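Read off the chains here:
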Amino acid sequence: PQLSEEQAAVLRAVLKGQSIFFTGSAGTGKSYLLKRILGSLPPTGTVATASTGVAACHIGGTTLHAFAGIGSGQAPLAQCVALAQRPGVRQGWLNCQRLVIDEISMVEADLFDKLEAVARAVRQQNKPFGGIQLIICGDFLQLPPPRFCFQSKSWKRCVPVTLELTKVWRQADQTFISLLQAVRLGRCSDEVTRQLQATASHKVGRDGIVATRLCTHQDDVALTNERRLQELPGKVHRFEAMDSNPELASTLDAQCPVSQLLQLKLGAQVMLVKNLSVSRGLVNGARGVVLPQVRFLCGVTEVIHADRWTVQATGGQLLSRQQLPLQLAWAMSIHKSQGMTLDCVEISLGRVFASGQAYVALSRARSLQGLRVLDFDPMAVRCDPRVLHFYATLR
Ligand SMILES: Nc1ncnc2c1ncn2[C@@H]1O[C@H](COP(=O)(O)OP(=O)(O)O)[C@@H](O)[C@H]1O
Ligand code: ALF
């Protein structure tokens, strides 16, 4: 699939060597562009960062928290930069010349400046960002973190030239497309409440697949995913294989998407993966076992295997977990649901409020039939922060 003109504008400018921030509608094409950029930019200098576990596996690796070798905190630059200045953190900090980032919406502001001086102090250069080709990407109308990074003082002073993307590539029908922006900008008519309310009835989930529901908080999804599991009668089959070399919670927590324990039963809904398939990106599925041999849509069932999820712990050092790429569907968490293109989802709008959670949830659904909104979006669902002002001064 050839790139749009809007996209290829970004490609050439990063190839030029310029720090370039570009933003885009949910499904603008943003994160696919970095797939071409990372293929375009040359190993040895590129780091492939992001702000969640799930954002880094879509792209390359490393989750900012991890790569920087720090975890925000009230440690001034001093401890931070000294914590930045151990081996693995340094050696990796020094060699990079182009630092891609993704899902910048989530990174707090203070993290940026603290990350900022840290980048300079290690490299010793007093260029804007330690003189890194600093690529950035994300949409601030999706999930917040307060104080997004553009409020940070390093921002703009890093000299990023702001670019924009349009023509949403994920949803084909303009009727659905026009919907999200109405929600995105925080504007709800009935023709922004009734198209969906109408839909609530839908049946979603082709064959054996079920609607992967989305939730406001992480705990419900932990419970709701599992309650369904114990309910399903059959072989427990909870093999897992948390084969982590140390005994550290953080590696399987932040910096990778894994749970140490994968209680995969006989027929519960297994969703997501690690891409690396011509026909299977990150879609939900289930089937019989012999080695899960899981069937998702597309009608493609093959045998699934566990791999390596390399991580850099804080203060240097590398821990790695070796678990299966799959995770339990049934109810995906919404904050973990950025950077996702989900064919079939279902969400309850009514108690799910936060400058974005509305937008972010539905927008991750290709076509309207997949989206299984529930409780009427009686306005209030669509809340907004007035960050639109920043996108508004983008004359
Ligand atoms: N230039 C392009 N060529 C092919 N597919 C694209 C392009 N731009 C966007 N897409 C589609 O958009 C999806 C990725 O959406 P993306 O913009 O990365 O999500 P988000 O905007 O939420 O980060 C992919 O499935 C891909 O097929
Ligand atoms: F803006 Al995105 F996944 F990068 F919705």
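As recorded in the PDB entry, the chain goes by the name ATP-dependent DNA helicase PIF1, listed as coming from Homo sapiens. Its UniProt record gives the chain the following Subunit (literature references left out) comment, quoted word for word: "Monomer. Interacts with telomerase." Note on the chain: under the UniProt heading Sequence similarities, the record states "Belongs to the helicase family. PIF1 subfamily."

Draft legend 1. Geometry of the packing of aromatic side chains. Ring centres 5.9 Å apart and planes at 15° place the aromatic pair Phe140 and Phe390 in the stacked group. Taking the centre distance of 5.8 Å and the plane angle of 35° together, the rings of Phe148 and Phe150 count as tilted. A connected cluster of aromatic rings, assembled from ring pairs, spans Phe21, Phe112, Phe129, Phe140, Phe148, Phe150, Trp155, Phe390 and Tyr391. Between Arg184 and the ring centre of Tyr391, over which it is positioned, the NZ or CZ distance is 6.0 Å.

Draft legend 2. A look at the packing of helix 5 (residues 77-84) against helix 7 (residues 109-123). It is at 9 Å that the axes of helix 5 and helix 7 come closest, and there the two elements cross at 55°. As far as their axial angle goes, helix 7 and helix 5 are oblique. Crossing hand, helix 5 versus helix 7: right-handed. On helix 7, the residues that touch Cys80, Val81 and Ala84 of helix 5 are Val118, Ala121 and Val122.

Draft legend 3. Highlighting the environment of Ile37. With respect to the secondary-structure elements, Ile37 resides in helix 2 (residues 30-40). Residues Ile37 and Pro144, 107 residues apart in the sequence, show an inter-C-alpha distance of 25 Å. Once residues lying within four places of it in the same chain are set aside, the contact partners of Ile37 are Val14 and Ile135.

Draft legend 4. Here's a closer look at the sheet that holds strand 13 (residues 331-333). Pairing in this open sheet of 4 strands is parallel, and the strands run 13-6-14-15 from one edge to the other. Each of the sheet's edge strands pairs with one partner strand only, and the pair in question is strand 13 and strand 15 (372-373). Note: strand 14 (residues 345-347) against strand 15, 2 bridges, orientation parallel. Counterpart to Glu346 in the pairing with strand 15 is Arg372.

Draft legend 5. View of the UniProt feature "DNA-binding region" in the chain. Mapped onto the present numbering, the UniProt feature "DNA-binding region" falls at residues 357-376. Structurally, residues 357-376 comprises 55% helix and 10% strand, and the distance from its first C-alpha atom to its last is 15 Å.

Draft legend 6. The arrangement of the packing of helix 1 (residues 5-16) against helix 2 in detail. Contact geometry of helix 1 with helix 2 gives a least axis separation of 10 Å together with a crossing angle of 30°. By the angle between their axes, helix 1 is roughly parallel relative to helix 2. Taken as a pair, helix 1 and helix 2 cross one another with a handedness that is right-handed. Judged by residue contacts, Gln7, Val10, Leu11, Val14 and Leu15 of helix 1 engage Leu33, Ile37 and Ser40 from helix 2. Its residues assigned to classes, the contact of helix 1 with helix 2 shows 6 nonpolar, 2 polar and no charged.

Criteria and thresholds
- Residues numbered from 1 in each chain as written, not as in the entry; some residues may be left out.
- Chains lettered and ligands numbered in written order.
- Heavy atoms only, no water.
- Residues with missing side-chain atoms left out of burial classes, pairs and counts.
- UniProt positions renumbered as here; feature names shortened; annotations may be inferred.
- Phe/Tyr/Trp six-rings, centres within 6.5 Å; stacked < 30°, edge-to-face > 60°.
- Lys NZ or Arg CZ within 6 Å of the ring centre and 35° of its normal.
- Axes fitted to C-alpha atoms, helices over the stretch in contact; angles between N-to-C directions.
- Helix = DSSP H or I, 4+ residues; strand = E, 2+ residues; numbered from the N terminus.
- Parallel < 35°, antiparallel > 145°, perpendicular 65-115°, else oblique.
- Left-handed = near helix turned anticlockwise from the far one by under 90°.
- Contact = heavy atoms within 4.5 Å.
- Pairing = 2+ DSSP bridges.
- Nonpolar A, V, L, I, M, F, W, Y, C, P; charged D, E, K, R; others polar.

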